[PDB]
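What follows is a single structure, written as structure tokens, with notes after it.
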Amino acid sequence: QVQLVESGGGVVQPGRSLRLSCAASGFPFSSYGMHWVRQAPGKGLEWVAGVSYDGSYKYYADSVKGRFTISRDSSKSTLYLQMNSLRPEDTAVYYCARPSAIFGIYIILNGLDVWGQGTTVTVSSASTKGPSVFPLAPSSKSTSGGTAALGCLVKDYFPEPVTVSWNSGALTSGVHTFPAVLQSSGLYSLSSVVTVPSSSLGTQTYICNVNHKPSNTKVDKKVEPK
Amino acid sequence: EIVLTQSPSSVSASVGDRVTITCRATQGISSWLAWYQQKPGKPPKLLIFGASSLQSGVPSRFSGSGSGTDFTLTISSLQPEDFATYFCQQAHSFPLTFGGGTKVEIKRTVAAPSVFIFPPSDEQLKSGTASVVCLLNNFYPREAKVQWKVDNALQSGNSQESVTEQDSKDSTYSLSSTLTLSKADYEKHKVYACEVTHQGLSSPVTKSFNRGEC
């Protein structure tokens, strides 16, 4: 009922601009102050900007002063965050948040009642690139055995994310798809692994399905022992 | 600028346990401290404001206390849906400030990792770069040390690590380590090894292959 809908995120090269939007519904919008909060991947929460209910007073973190501009539109019940001179340090998921009232009293400084779903901002000089997919072949140092491990190296793609399934979804037990790491080149790389019984090798085929929609890339890599 | 310091950074507990998280401020914030809950992929969720006032709908097992500089969040009996990250927030003054966060994890018995090493594929070798991957599978607790060695030479600055969350069925972790070399460097040496130090191991486990077909 009461919710904040966000939009405007995306991938942008360093030094460019972006404008975030937060549309409110279900509550009196222009009675509340409003805040923008961001959270870098793996990091914690950081407040970036706030504005009073009437738009007369605006507050900024030191990290964004002179660069970010907060504003609001009462007719549209919409909150804005104009972000200029973006740098990779600004890569995060951005939220709009509403300070909680205390028994009818609207205070801009309180715990944050309601949060938007978030919109992701990526600041990178990298260009869209499909992943290279390499097999992590299962091994042996005898002929028979117990449980074997095989996997899929999804390397050098941009931007996030890639989806990985095994045998078109028929293989889910023992699967670990690891979070991507950001390499020095600016491209991402992750690996998906699965543990199988050693009797399966040779009899059962293992196919790793990698989809990267930003580049319309779809790869089916069969992983067999060398 | 007021800075908040949460303690501890993480805690492992079982369902039914009593968990106590503290938040310390560099200045006095009277009673303008809020507590949040966050699960991966979702926005934060307010639990406490005014340092003791429960949000509407939040279970009564969540209690907040304290004033001035020292504060405390308490969960009187942990429930399965309470394993998440918890943040304190200061609302005494601008700028608004969050604590580093406290992650409450599922406690279980020690589990030693299964270690696997994977040589680079021949398809990648044609591109001019080689990636050796090492897998640590289903271990607990999370603390582990992976050291790469090539011809017994300890590597530095050419590897990256990635860890999953606790598995939904056995509460263990898994870890992937990727050593990245140039093909010329890779063909220049023979034995590639992955050394794993974990408290479930009496001695470090090393897995190794040697380049060729061995």
Side-chain angles (χ1 to χ4, degrees), chain A residues 4 35 37 39 43-48 50 59-63 93 95 97 99-100 102 107-118 132-139 141 147-151 153 155-156 173-174 176-184 189-193 195 221 226, chain B residues 1 6 32-36 38 41-50 53 55 85 87 89-101 114-124 127 129 131 133 135 137-138 160-165 167 169 173-176 178 180 207 209 213:
Chain A
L4 310 173
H35 303 277
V37 183
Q39 178 169 29
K43 266 65 157 304
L45 302 164
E46 172 183 12
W47 173 87
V48 316
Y59 311 85
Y60 299 96
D62 282 330
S63 58
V93 166
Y95 301 101
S100 181
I102 303 195
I107 44 175
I108 194 178
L109 281 188
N110 197 9
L112 299 179
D113 251 335
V114 187
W115 300 63
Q117 85 278 14
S132 280
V133 171
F134 303 116
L136 304 165
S139 284
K141 265 327 208 62
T147 78
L150 58 102
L153 184 54
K155 193 170 154 49
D156 290 349
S173 211
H176 297 110
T177 292
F178 290 90
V181 296
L182 177 58
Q183 296 163 118
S184 56
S189 181
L190 64 77
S191 58
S192 183
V193 85
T195 42
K221 187 73 188 206
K226 254 193 171 63
Chain B
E1 179 187 280
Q6 290 186 235
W32 301 100
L33 188 92
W35 288 101
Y36 297 87
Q38 190 180 27
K42 296 301 174 61
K45 171 174 164 185
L46 182 62
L47 304 173
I48 306 280
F49 69 96
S53 295
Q55 269 287 299
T85 308
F87 294 92
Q89 184 235 324
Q90 164 268 143
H92 162 266
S93 64
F94 285 98
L96 281 85
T97 279
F98 292 92
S114 288
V115 189
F116 307 88
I117 190 179
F118 301 95
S121 61
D122 277 300
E123 33 276 68
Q124 187 192 21
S127 76
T129 167
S131 291
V133 178
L135 171 75
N137 204 59
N138 295 13
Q160 286 182 281
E161 268 190 5
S162 184
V163 190
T164 62
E165 304 285 355
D167 184 75
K169 283 194 260 204
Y173 304 91
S174 280
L175 167 44
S176 175
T178 300
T180 293
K207 297 287 173 167
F209 72 91
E213 225 79 82

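What you see below is based on every heavy atom in this structure, not just the backbone, and it leaves out hydrogens, waters and symmetry mates. In what follows, chains carry the letters A, B, and so on, assigned in the order in which the sequence lines appear, proteins first and then strands, with residues in each chain numbered from 1.
- Of the two parts of B:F94, the backbone and the side chain both hold a non-hydrogen atom closer than 4.5 Å to a non-hydrogen atom of chain A.
- Using a 4.5 Å cut-off between heavy atoms, A:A149 contacts chain B through both its backbone and its side chain.
- Chosen from A:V93, A:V193, A:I107, the residue pairing most often with chain B at heavy-atom distances under 4.5 Å is A:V193.
- Neither the backbone nor the side chain of A:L4 comes within contact range of chain B; no heavy atoms are under 4.5 Å apart.
- Heavy atoms closer than 4.5 Å to chain B are found in the side chain of A:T195, but not in its backbone.
- Both the backbone and the side chain of B:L96 come within contact range of chain A, with heavy atoms under 4.5 Å apart.
- Heavy-atom distances place the side chain of B:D167, and not its backbone, under 4.5 Å from chain A.
- Heavy atoms closer than 4.5 Å to chain A are found in the side chain of B:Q89, but not in its backbone.
- The aromatic rings of B:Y36 and A:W115 lie perpendicular to each other, with more than 60° between the two planes, well past the 30° mark.
- Only the side chain of A:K155 has a heavy atom closer than 4.5 Å to any heavy atom of chain B.
- Of the atoms belonging to B:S93, it is backbone heavy atoms, and not side-chain ones, that fall under 4.5 Å from chain A.
- With a 4.5 Å cut-off on non-hydrogen atoms, A:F178 touches chain B through its backbone and its side chain both.
- Chosen from B:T178, B:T97, B:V163, B:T180, the residue pairing most often with chain A at heavy-atom distances under 4.5 Å is B:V163.
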When you look at A:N110 and B:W32, which way does the side chain to side chain contact (heavy atoms under 4.5 Å, CB included) test go after all the steps?
CA-CA 7 Å; A:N110 197 9; B:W32 301 100; 4.1 Å; yes
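- Contact annotation for B:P44: both backbone and side-chain heavy atoms come within less than 4.5 Å of a heavy atom of chain A.
- Contacts between A:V37 and chain B at a heavy-atom distance below 4.5 Å involve the side chain alone, from C-beta outward.
- For a residue to count as touching a neighbouring chain, one of its non-hydrogen atoms must lie under 4.5 Å from one of that chain's; by this rule A:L150 touches chain B with the backbone only.
- Between B:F118 and A:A137 the shortest heavy-atom distance is CD2-O, 3.3 Å.
- Note that OG1 of B:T129 is 7.5 Å distant from CG of A:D156, once rounded to the nearest 0.5 Å.
- Contact annotation for B:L175: only backbone heavy atoms (N, CA, C, O) come within less than 4.5 Å of a heavy atom of chain A.
- There is no contact between A:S132 and chain B, counting heavy-atom distances below 4.5 Å.
- For B:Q160, the part lying under 4.5 angstrom from a heavy atom of chain A is the side chain only.
- Only the side chain of B:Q55 has a heavy atom closer than 4.5 Å to any heavy atom of chain A.
- Counting heavy atoms from C-beta on, the side chains of A:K226 and B:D122 come closer than 4.5 Å.
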A:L112/B:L46 under side chain to side chain contact (heavy atoms under 4.5 Å, CB included): CA gap, chis, key distance, verdict
CA-CA 7 Å; A:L112 299 179; B:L46 182 62; 5.9 Å; no
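- A distance of 8.0 Å separates OG of B:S176 from CG of A:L136, quoted to the nearest 0.5 Å.
- Only the side chain of A:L153 has a heavy atom closer than 4.5 Å to any heavy atom of chain B.
- Interface residue B:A34: only side-chain heavy atoms are found under 4.5 Å from chain A.
- Residue A:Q39 touches chain B through its side chain alone, counting heavy-atom pairs closer than 4.5 Å.
- For NZ of A:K221, the number of neighbouring non-hydrogen atoms (other residues, nucleotides, ligands) closer than 6.0 Å is greater than 12.
- Residue contact with chain A, scored on non-hydrogen atoms closer than 4.5 Å, involves the side chain of B:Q38 exclusively.
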